[PDB]
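Asker: Let me give you the structure first, and then I'll get to my questions.
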Amino acid sequence: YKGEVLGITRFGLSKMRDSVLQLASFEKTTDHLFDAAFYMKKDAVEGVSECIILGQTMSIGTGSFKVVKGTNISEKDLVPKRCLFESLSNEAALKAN
Amino acid sequence: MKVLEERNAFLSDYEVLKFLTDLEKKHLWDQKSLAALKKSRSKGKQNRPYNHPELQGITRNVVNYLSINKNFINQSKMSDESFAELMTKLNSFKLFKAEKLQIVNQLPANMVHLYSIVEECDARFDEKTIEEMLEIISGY
Amino acid sequence: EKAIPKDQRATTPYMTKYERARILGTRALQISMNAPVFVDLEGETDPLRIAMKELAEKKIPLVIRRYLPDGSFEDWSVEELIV
Amino acid sequence: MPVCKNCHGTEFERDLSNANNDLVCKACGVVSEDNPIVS
Amino acid sequence: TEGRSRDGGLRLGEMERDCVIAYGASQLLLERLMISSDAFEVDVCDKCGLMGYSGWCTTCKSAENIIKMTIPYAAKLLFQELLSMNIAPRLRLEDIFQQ
Amino acid sequence: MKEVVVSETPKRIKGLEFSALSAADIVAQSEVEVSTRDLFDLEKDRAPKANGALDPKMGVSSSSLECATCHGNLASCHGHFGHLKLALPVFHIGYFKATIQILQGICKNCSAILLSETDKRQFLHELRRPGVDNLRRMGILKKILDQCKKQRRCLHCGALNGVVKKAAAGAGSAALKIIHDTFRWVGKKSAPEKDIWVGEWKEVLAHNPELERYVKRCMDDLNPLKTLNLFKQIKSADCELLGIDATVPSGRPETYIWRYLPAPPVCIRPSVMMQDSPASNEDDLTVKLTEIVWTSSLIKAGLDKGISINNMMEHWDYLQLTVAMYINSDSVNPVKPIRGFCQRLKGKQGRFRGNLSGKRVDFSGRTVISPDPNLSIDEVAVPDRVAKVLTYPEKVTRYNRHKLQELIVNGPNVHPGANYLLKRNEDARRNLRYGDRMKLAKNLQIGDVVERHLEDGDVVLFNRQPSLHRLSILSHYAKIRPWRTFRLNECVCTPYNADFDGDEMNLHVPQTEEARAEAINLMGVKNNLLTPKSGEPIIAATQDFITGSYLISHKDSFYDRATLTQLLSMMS
Amino acid sequence: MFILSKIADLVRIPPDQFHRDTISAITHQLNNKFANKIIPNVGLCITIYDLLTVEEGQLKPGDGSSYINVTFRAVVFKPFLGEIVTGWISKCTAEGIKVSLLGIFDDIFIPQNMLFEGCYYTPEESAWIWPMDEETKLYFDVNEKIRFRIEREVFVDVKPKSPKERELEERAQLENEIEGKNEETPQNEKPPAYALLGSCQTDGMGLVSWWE
Amino acid sequence: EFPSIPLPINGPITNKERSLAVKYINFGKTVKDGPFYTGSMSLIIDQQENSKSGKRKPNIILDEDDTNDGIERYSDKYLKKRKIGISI
Amino acid sequence: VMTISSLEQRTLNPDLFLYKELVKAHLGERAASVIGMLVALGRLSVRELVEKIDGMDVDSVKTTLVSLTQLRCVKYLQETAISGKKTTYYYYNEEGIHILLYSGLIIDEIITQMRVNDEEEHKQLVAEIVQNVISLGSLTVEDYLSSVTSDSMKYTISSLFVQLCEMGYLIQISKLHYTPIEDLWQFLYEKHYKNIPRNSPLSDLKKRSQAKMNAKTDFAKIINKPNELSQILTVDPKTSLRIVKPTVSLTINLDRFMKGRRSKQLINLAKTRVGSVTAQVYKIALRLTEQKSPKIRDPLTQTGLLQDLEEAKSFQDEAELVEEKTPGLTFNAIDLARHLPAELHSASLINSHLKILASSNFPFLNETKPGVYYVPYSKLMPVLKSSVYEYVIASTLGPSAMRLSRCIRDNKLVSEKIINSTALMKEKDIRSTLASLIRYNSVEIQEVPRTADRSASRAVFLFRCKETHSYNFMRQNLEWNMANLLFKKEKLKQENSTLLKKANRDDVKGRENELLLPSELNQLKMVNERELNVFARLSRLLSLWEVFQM
Ligand SMILES: [Mg+2]
Ligand SMILES: [Zn+2]
Ligand SMILES: [Zn+2]
Ligand SMILES: [Zn+2]
Ligand SMILES: [Zn+2]
């Protein structure tokens, strides 16, 4: 899908990805980190092999959606209560000044 | 905890005094031991409400502070009918806003607080309004 | 980012087993954190078991937030969903 | 060493059973520390 | 430790943790490799968000932008032996709830 | 009434910005400046208090020793780094090929990146594309990294250039000298540099008539004092053309040369005491860092004292080799490999392939298995000799208060009991078998995480350690039986591929209430009747069951009413 | 306390409060989360007014408690530029005289702004004597209602607490245990967000408006 | 630390080192105060061959060059004449 | 440790700190990050600044760009690729940043030597007539003179404009100097290549020589167009016999002041050398000589066409030939007696000037001729650069390092063993000074293999010269010294802002009574002495950097 027939070997899997943790910890961990640090790649951690390291929920399996609770607001806690001094700001706060 | 607006609305007396009174209505008006010495009173209105960390300080340390600040040399109530006309009747002439904030907050006795609040009283503005716009003080 | 209303709903309304695997676990963890139950128990306590019992009675006060790769997030309730 | 919560300066005893061997105090029962770290 | 002699320890991974990835389990594979193993308290920051010791980051003298989040200790060991030679692995922090 | 409270916000880690140490923030996280004859790294019998190799203001890894700013111990002190002064700097052996690249793309006289101005803007255009990949950046940078080799002379200086190469052939880290062969691309022209090169070797009649006779060749070296001050006029108009962006302060190729050594903490490296013989361990990385302090101190003394330049080059090349076999080792060897920060990341025993991905988990147990048909296919029989040591936390939730009070008052000696308890107040772990048990089972506040024994009906994990396919981790339930060997069933023996020949097979338990239901609803045995490779049932029965049902239902097994009665009652 | 300033907040409700409605649980958390807390650039709170346009709140997988983000208006302490408010005296020193109040705040100590008079300290149990030769030579004793003229919001609040100075302070807590006269550490307290001046004190109940 | 000496002696009694540093301070006073009065209209309407900056410069004809002090004096006179509620 | 060691600014960006550290003190808060992003990346468009810095949208970036445009700290380029969208692409300009370096000692050096109009207390108008031109950028007389109500001084100001624009110093038409030097050569090469298709079959010689000679002559007339002009035209229409027209915008500070400043450096060189009556004669000779001299910046090689071919020797041939041809400068003592010094064998002035002018030769200063009529310099400015470098390295530590550097340069790159022949000490102090010199990157090392294997024990060592990398190292070292000095002075500004500002507000009429306490009087006087010390060291450090510039 990247255009040519890539392999699953250490040179093929070095392509096709951006997550330098799983690019490193496959077959050669010697200078994949050094190759990432010299060219200063800003890798956004999102997958699974780089989320088992930092310890966060991955986006595959169960963690494909963040569960949420409904807050059953019946459109009553949306209207505020005006204080009894705010019509005076239209009455006598712009009177010739 | 980020802040969106700084002065959305500035408040004043009695309406907010009744707001603090309605928040004081979570327990009683004054009774503290009559509800603690009897059997339940709906289990003490559902087992001793939210006062526990520091909440008894707030609104109780300011309901005394807003009530008695008359500042009279000697040796205390507001109502609906006394503020509903105070909002409208004093809106007469070209007058500022914090002037009326301190008028609604502090009641001038005869002339002292009225001289203190109104800056440039004799330099910017003329006479007789110190005298005519003061006799609404009898509305308590 | 866009709040897509109930008209579109570009997702099949069936129930993935991963969704119920999340919902039973989250409900059991809520009951273990002293949430009240909506089902009549029979003198037993296991939050997984009464989570299955509340699934049988369809009284889960949650809502599913199925994500899309464009940021649609497509609100699906628990009651209005085919098991 | 005398760091505890309910008592102060008591003796201690690492556990023999349950393959757990944490350094615990006496007469109330508080571990008063972390898990054991050995090399 | 290893074996049975010291106390003992039964590892899972490199072919075994991938099984629950093939199932699709998310919270079990998170818990049994983070919480049950080691719950650590690496402090972070936003501006040059390196590590500190509970009250600083020591690369910026602020002591205000410190988040006491959770992490396994093996990642902290990796970060210390990793930036111990010559690299600056920075950790940016995204909000989890708003937007 | 101050009591000011700053709000908190959960923050998830997104992104991973790799960079280099700028060697100016290395003095920010300093906490020590060692550099002061650290060969005396033990104060005459005990742990030191000076700078040294070990340090009190660096943490501890001992039991009763005190430590740095946080006055705790190894459990509380996170660790503190430390910088190290140097003179006559040293290349980085990990960034060595990248140093070859960044020095071969740059010339020698004006030290500018040698491209045409149109072609420079062209690759700045097709390198700053919004659609870019790891393949695209390497496929552009290694595409532009041949014209700098191919071009003969420079852009706007009076001299020419050549090839940058490792010295002759070295793989044993003896030929770690970068050469810039100015010749080999000239042919027969470009007089002035060639003229001064052939006129330099003519003037002396004393030693040059045998030097020119014998060596006749230099291929001038590019030692890091030449290199670091050639990476200083490295002007950032075209620095982005070779990977490094000059938008961060840690974005210059001066930092790729060792100007400072980060001393790691003493919490990461062990300070192991005597092991059955009265002798300290004196860990290998500590020995290498004190030996790299001592040679830098010898250079700092001898250079302003005044010694021979050949001995200086020998000792400084030993400085260059000791860093190169201190980090990214086993490239030189003048158990005798030492471990640095590459054997701890290499594989199958490092911090990637056996300490990070596959780590030794808690709450497990390993025992051989005996068969048992009389259990259902959802239950592994967990015997009480390993069930009383294998707990599960249960926060009391005003429903199981009577059951947890029963398991507290029962005691941890018998099986339906609880070992440890943790109330709402901040204690560590309150125990049951040592303190009170009657007074403790009276309050039972709601925030109480009590660990009771693995009772019946609890979801356990169970797996074989050689796991070839996905059907290895099947979430079973618990069952409490004597005779301490394990029992699962025999119908589900096919995915485990068990043989009952002394085959151990370990189990696990989940901990929180999320992962227990995540195990039993997603990995239950009732759900996993199918292998996913084609969708056939794999857990039906095994050899005795099929060959006995064949004898039951052959064609000629007419049963008596008593025999059919007993055989029909003896199934359910 | 005369404002209804609008601030946003992220609210964690405990899971045992699910039987109670949302408009009281958020009110409980914002009351016992913003009781007396001086926010930088904002000031001191007392209570919470109401709720506004609260949406559905997310749920973190690691904890299980409901995390609801809200926005609301609240009453904080922001006076005007020329507020004239009245408290009374409860403490006397030599340099200046701080005025007290019946419980909103304490540290509104006034500097040595001009004020036309001033002795060294209190000789005969009288804090400030106002001679003004030779008119209105009265004074004021304790518990005298003083109206003071406020300056701007001087809300400088710094957290310079490295742990080295923390263990210096834990060595200085044992200084407080037993000694005849230590007095090093309790006199040095962080002044909370207010260093407020004044220009008049009314000298009792016989002065109107003079000297600003 | 610092061993060497790159000989920058100060001869402050000389006339030229006083006057040249005074002109330095005067140049800093002119440049730190921003632009000058209405002579920058020529800088605005130079417009050699420039569509985009010939759109930019008539936008910043009314830029804050010398009208900030007059607006500040007018605001101070309005504040001395009457009260206004704004932040400082 | 504790940040007082000043390492967070020490071992970092040497070159990309001064050019936008100046505008921290000159421009302000947001007109500095534009240069900080433009120098750090190079080629930028309009939207790229907005997507890089998160300070503002594309509104206030315009204000910084149109504030830095006429100050020529930035140059633009409007071009398209193939289709359209004619947006302005941006390099970074250097000459305006040099003007912001040199401005005060431009205005305070020009008066005593170049402008000899008048001296009877005209310092009250020189600052007004020069600083307002630097700090604004242009000069239009109809809008600039309109602030002055008097008309009697207008003719004197016009005569000052005429005589000061005679000797350069103000680019007259002021066009085309916002274009890159490389872009001019590429555009002229592209235009002079597009004109000849469908001809005789091409070669490297015909195509390259024709295109490059046409590009050289057209780029030469382009660069020599703003140097000599006649815009001062229409003499005496009704009055004012010599008037400059006010329509054309008029910029400031052509690099003839830089030529004059290196001329003063060469006068200091000749003064410390033989004679010094040679100095008192050759100063007046060279200040009249250097008005028509070839320019230091040397176009036609700023663009990257310097390759090791016939173009490289053509540059040295041009520097030898044009310096003799285009000035001419038929200078003798009869020409020197026209501008003759007051009372400077005191009598019989002209024959003494003959003998002193004929005695100043061998070495390469004032290359003469039998019947001389000019003076070259092609092997005198590198001699000045080397001599300033050697006396700086004598200022570094002792005379021994200066002896060792000059003997390595003079005996033509010799090994180490014969150094003890031309020395004082045997082994200890020579290794000491060679160590303290090899800490600098000025005297290189050379390694040869003895058994074809790289080993640091069996090797003999010799020392390369490598002078040009040492000049570049000293140039960036002096640049970093100036940047660090001005950054510490900016910190000294910003840590004492409010007490300087309080005295700046309204205490000007009360400076005599001082309107303050005598403690902050001592504080203001001490920080004023600090600022005087910093500028007095900065002028010297700036001149020492200014020697190393070619
Ligand atoms: Mg077997
Ligand atoms: Zn105890
Ligand atoms: Zn930090
Ligand atoms: Zn510590
Ligand atoms: Zn070059």
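Ordering of the structure tokens sets the chain letters (A, B, ...), residue numbers begin anew at 1 in every chain, and ligands are numbered from 1 in the order given.
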Would you kindly report the residues of chain B within 10 Å of chain G, using only C-alpha atoms, as a VMD selection string?
Answerer: chain B and resid 1 to 13 16 19 to 20 23 49 to 62 64 to 65 69 to 74 98 to 99 101 to 102 105 to 106 111 to 117 119
Asker: Counting only C-alpha atoms and all ligand atoms, name the residues that have an atom within 10 Å of an atom of ligand 5; the answer should be given as a ChimeraX atom specification.
Answerer: /F:106-114,153-161 /I:306
Asker: Return the neighbours of chain E among the residues of chain G, cut-off 9 Å, counting only C-alpha atoms, as a list in words.
Answerer: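 Interface list for chain G against chain E: residues 10, 57, 58, 59, 60, 61, 62, 67, 68, 69, 159, 160, 161, 162 and 163 of chain G.
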Asker: Check every residue of chain I for an atom within 12 Å of chain E, counting only C-alpha atoms, and provide those that qualify as an MDAnalysis selection string.
Answerer: chainID I and resid 1:3 8
Asker: Work out how far CA of residue 52 in chain F is from CA of residue 40 in chain F, in Å to one decimal.
Answerer: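 About the pair CA of residue 40 in chain F and CA of residue 52 in chain F: they are 6.7 Å apart.
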Asker: Output the neighbourhood of ligand 2 as a list in words, that is, all protein and nucleic acid residues with some atom at most 8 Å from the ligand, counting only C-alpha atoms and all ligand atoms.
Answerer: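 The distance check yields residues 4, 5, 6, 7, 8, 10, 24, 25, 26, 27, 28, 29 and 30 of chain D.
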Asker: Can I get the residues close to ligand 4 as a count of residues only, where close means within 7 Å and we count only C-alpha atoms and all ligand atoms?
Answerer: 12
Asker: Just the strand (DSSP E or B) stuff from range 30-161 of chain G, please, per backbone DSSP, written as a VMD selection string.
Answerer: chain G and resid 39 43 45 to 48 52 57 to 59 66 to 76 84 to 88 100 128 to 129 139 to 140 145 to 149
Asker: Would you mind exporting the chosen residues as a CSV table (one decimal), in the first residue's frame, restricted to N, CA, C and O atoms?
Answerer:
```
chain,number,residue,atom,x,y,z
G,39,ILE,N,-7.9,33.3,43.6
G,39,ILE,CA,-7.4,33.0,42.3
G,39,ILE,C,-6.5,34.2,41.8
G,39,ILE,O,-6.9,35.3,42.1
G,43,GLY,N,-9.2,37.2,42.6
G,43,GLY,CA,-9.5,37.6,44.0
G,43,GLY,C,-10.2,36.5,44.8
G,43,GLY,O,-10.2,35.4,44.4
G,45,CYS,N,-13.1,34.4,46.8
G,45,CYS,CA,-14.4,33.9,46.6
G,45,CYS,C,-15.2,33.8,47.9
G,45,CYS,O,-14.6,33.7,49.0
G,46,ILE,N,-16.5,33.6,47.8
G,46,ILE,CA,-17.3,33.3,48.9
G,46,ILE,C,-18.2,32.1,48.5
G,46,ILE,O,-18.2,31.0,49.2
G,47,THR,N,-19.0,32.2,47.5
G,47,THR,CA,-20.0,31.2,47.1
G,47,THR,C,-20.2,31.2,45.6
G,47,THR,O,-19.5,32.0,44.9
G,48,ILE,N,-21.1,30.4,45.1
G,48,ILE,CA,-21.3,30.2,43.7
G,48,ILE,C,-22.8,30.6,43.4
G,48,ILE,O,-23.7,30.2,44.2
G,52,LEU,N,-24.4,27.4,34.3
G,52,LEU,CA,-24.6,27.8,32.9
G,52,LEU,C,-24.2,26.8,31.9
G,52,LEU,O,-23.1,26.3,32.0
G,57,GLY,N,-20.6,15.3,30.4
G,57,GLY,CA,-19.2,15.2,31.0
G,57,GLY,C,-18.6,13.8,30.7
G,57,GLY,O,-19.3,12.8,30.9
G,58,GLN,N,-17.4,13.8,30.4
G,58,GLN,CA,-16.7,12.6,30.0
G,58,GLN,C,-16.4,11.7,31.2
G,58,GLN,O,-16.7,12.0,32.3
G,59,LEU,N,-15.8,10.5,30.9
G,59,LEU,CA,-15.6,9.5,31.9
G,59,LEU,C,-14.2,8.8,31.6
G,59,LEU,O,-14.1,8.1,30.6
G,66,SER,N,-17.2,10.4,37.4
G,66,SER,CA,-17.7,11.2,36.3
G,66,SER,C,-17.0,12.6,36.3
G,66,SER,O,-17.0,13.2,37.4
G,67,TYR,N,-16.4,12.9,35.2
G,67,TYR,CA,-15.7,14.2,35.0
G,67,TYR,C,-16.6,15.1,34.1
G,67,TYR,O,-16.6,15.0,32.9
G,68,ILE,N,-17.3,16.1,34.8
G,68,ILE,CA,-18.2,17.0,34.0
G,68,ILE,C,-17.5,18.4,34.0
G,68,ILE,O,-17.2,18.9,35.1
G,69,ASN,N,-17.3,19.0,32.9
G,69,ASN,CA,-16.9,20.3,32.7
G,69,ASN,C,-18.0,21.3,32.7
G,69,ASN,O,-19.0,21.1,32.0
G,70,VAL,N,-17.9,22.4,33.5
G,70,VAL,CA,-19.0,23.3,33.6
G,70,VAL,C,-18.5,24.7,33.3
G,70,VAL,O,-17.3,25.0,33.1
G,71,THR,N,-19.4,25.7,33.2
G,71,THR,CA,-19.1,27.1,33.3
G,71,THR,C,-20.2,27.8,34.0
G,71,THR,O,-21.3,27.4,34.0
G,72,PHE,N,-19.8,28.9,34.8
G,72,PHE,CA,-20.7,29.5,35.8
G,72,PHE,C,-20.2,30.9,36.1
G,72,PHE,O,-19.1,31.2,35.8
G,73,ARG,N,-21.1,31.6,36.7
G,73,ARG,CA,-20.8,32.9,37.3
G,73,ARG,C,-20.7,32.8,38.8
G,73,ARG,O,-21.4,32.0,39.4
G,74,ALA,N,-19.8,33.5,39.4
G,74,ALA,CA,-19.5,33.4,40.8
G,74,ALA,C,-19.1,34.8,41.4
G,74,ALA,O,-18.7,35.7,40.6
G,75,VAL,N,-19.2,34.9,42.7
G,75,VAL,CA,-19.0,36.2,43.4
G,75,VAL,C,-17.6,36.2,43.9
G,75,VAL,O,-17.3,35.4,44.8
G,76,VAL,N,-16.8,37.0,43.3
G,76,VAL,CA,-15.4,37.2,43.8
G,76,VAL,C,-15.2,38.6,44.3
G,76,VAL,O,-16.1,39.4,44.3
G,84,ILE,N,-15.1,53.1,49.1
G,84,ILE,CA,-15.0,53.7,50.4
G,84,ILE,C,-15.8,52.7,51.3
G,84,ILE,O,-17.0,52.8,51.5
G,85,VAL,N,-15.1,51.8,52.0
G,85,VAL,CA,-15.7,50.7,52.8
G,85,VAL,C,-15.2,50.9,54.2
G,85,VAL,O,-14.1,51.4,54.4
G,86,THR,N,-15.9,50.4,55.1
G,86,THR,CA,-15.7,50.7,56.6
G,86,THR,C,-15.5,49.4,57.4
G,86,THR,O,-16.4,48.5,57.4
G,87,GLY,N,-14.4,49.3,58.0
G,87,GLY,CA,-14.2,48.3,59.1
G,87,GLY,C,-13.8,49.0,60.4
G,87,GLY,O,-13.9,50.2,60.4
G,88,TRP,N,-13.3,48.3,61.4
G,88,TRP,CA,-12.8,48.9,62.6
G,88,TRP,C,-11.5,48.3,63.1
G,88,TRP,O,-11.1,47.3,62.6
G,100,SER,N,-9.0,46.3,60.9
G,100,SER,CA,-9.5,44.9,60.8
G,100,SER,C,-10.9,45.0,60.3
G,100,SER,O,-11.5,46.0,59.9
G,128,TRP,N,-3.7,56.4,67.2
G,128,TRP,CA,-3.5,57.6,66.5
G,128,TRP,C,-4.1,58.8,67.2
G,128,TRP,O,-5.3,58.9,67.4
G,129,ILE,N,-3.2,59.8,67.4
G,129,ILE,CA,-3.7,61.1,67.9
G,129,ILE,C,-3.7,62.1,66.8
G,129,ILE,O,-2.7,62.2,66.0
G,139,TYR,N,-9.1,61.9,69.1
G,139,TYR,CA,-8.4,60.7,68.7
G,139,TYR,C,-9.4,59.6,68.7
G,139,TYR,O,-10.6,59.8,68.8
G,140,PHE,N,-9.0,58.4,68.5
G,140,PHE,CA,-9.8,57.2,68.5
G,140,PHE,C,-9.2,56.0,69.2
G,140,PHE,O,-8.0,55.8,69.0
G,145,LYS,N,-15.1,52.6,63.9
G,145,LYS,CA,-15.4,52.3,62.5
G,145,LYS,C,-14.6,53.2,61.6
G,145,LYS,O,-14.9,54.4,61.5
G,146,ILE,N,-13.7,52.7,60.9
G,146,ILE,CA,-12.8,53.4,60.0
G,146,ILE,C,-13.1,53.1,58.6
G,146,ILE,O,-13.1,52.0,58.2
G,147,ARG,N,-13.4,54.2,57.8
G,147,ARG,CA,-13.5,54.1,56.4
G,147,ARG,C,-12.2,54.4,55.7
G,147,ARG,O,-11.5,55.4,56.1
G,148,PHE,N,-11.7,53.6,54.8
G,148,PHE,CA,-10.4,53.8,54.2
G,148,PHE,C,-10.5,53.8,52.7
G,148,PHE,O,-11.4,53.2,52.1
G,149,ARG,N,-9.5,54.5,52.1
G,149,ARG,CA,-9.5,54.7,50.6
G,149,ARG,C,-8.6,53.7,50.0
G,149,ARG,O,-7.4,53.7,50.3
```
Asker: What residues of the protein or nucleic acid chains come within 6 Å of ligand 3 when you use only C-alpha atoms and all ligand atoms? Reply as a list in words.
Answerer: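 My answer, listing the contacting residues, is residues 45, 48, 49, 50, 57, 59 and 60 of chain E.
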Asker: Using N, CA, C and O atoms, can you export the residues from the last selection as a PDB file, in the first residue's frame?
Answerer:
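Result file again_5.pdb:
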```pdb
ATOM      1  N   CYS E  45       5.917  18.640  32.742  1.00  0.00           N
ATOM      2  CA  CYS E  45       5.682  20.059  32.526  1.00  0.00           C
ATOM      3  C   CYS E  45       5.195  20.273  31.100  1.00  0.00           C
ATOM      4  O   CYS E  45       5.087  19.333  30.308  1.00  0.00           O
ATOM      5  N   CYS E  48       9.391  22.861  28.188  1.00  0.00           N
ATOM      6  CA  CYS E  48      10.489  21.898  28.315  1.00  0.00           C
ATOM      7  C   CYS E  48      10.171  20.797  29.326  1.00  0.00           C
ATOM      8  O   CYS E  48      10.860  20.640  30.338  1.00  0.00           O
ATOM      9  N   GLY E  49       9.129  20.020  29.036  1.00  0.00           N
ATOM     10  CA  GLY E  49       8.572  19.073  29.982  1.00  0.00           C
ATOM     11  C   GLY E  49       9.396  17.826  30.226  1.00  0.00           C
ATOM     12  O   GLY E  49       9.010  16.727  29.820  1.00  0.00           O
ATOM     13  N   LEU E  50      10.533  17.989  30.893  1.00  0.00           N
ATOM     14  CA  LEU E  50      11.347  16.867  31.327  1.00  0.00           C
ATOM     15  C   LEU E  50      10.877  16.425  32.712  1.00  0.00           C
ATOM     16  O   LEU E  50       9.813  16.830  33.188  1.00  0.00           O
ATOM     17  N   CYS E  57      11.277  20.776  37.938  1.00  0.00           N
ATOM     18  CA  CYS E  57      11.770  20.025  36.797  1.00  0.00           C
ATOM     19  C   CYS E  57      13.268  20.170  36.612  1.00  0.00           C
ATOM     20  O   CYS E  57      13.843  19.413  35.818  1.00  0.00           O
ATOM     21  N   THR E  59      15.247  21.805  34.969  1.00  0.00           N
ATOM     22  CA  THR E  59      15.662  22.423  33.720  1.00  0.00           C
ATOM     23  C   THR E  59      14.990  23.767  33.496  1.00  0.00           C
ATOM     24  O   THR E  59      15.417  24.522  32.616  1.00  0.00           O
ATOM     25  N   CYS E  60      13.954  24.078  34.273  1.00  0.00           N
ATOM     26  CA  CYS E  60      13.345  25.400  34.302  1.00  0.00           C
ATOM     27  C   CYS E  60      12.967  25.698  35.745  1.00  0.00           C
ATOM     28  O   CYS E  60      12.429  24.831  36.440  1.00  0.00           O
TER      29      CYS E  60
END
```
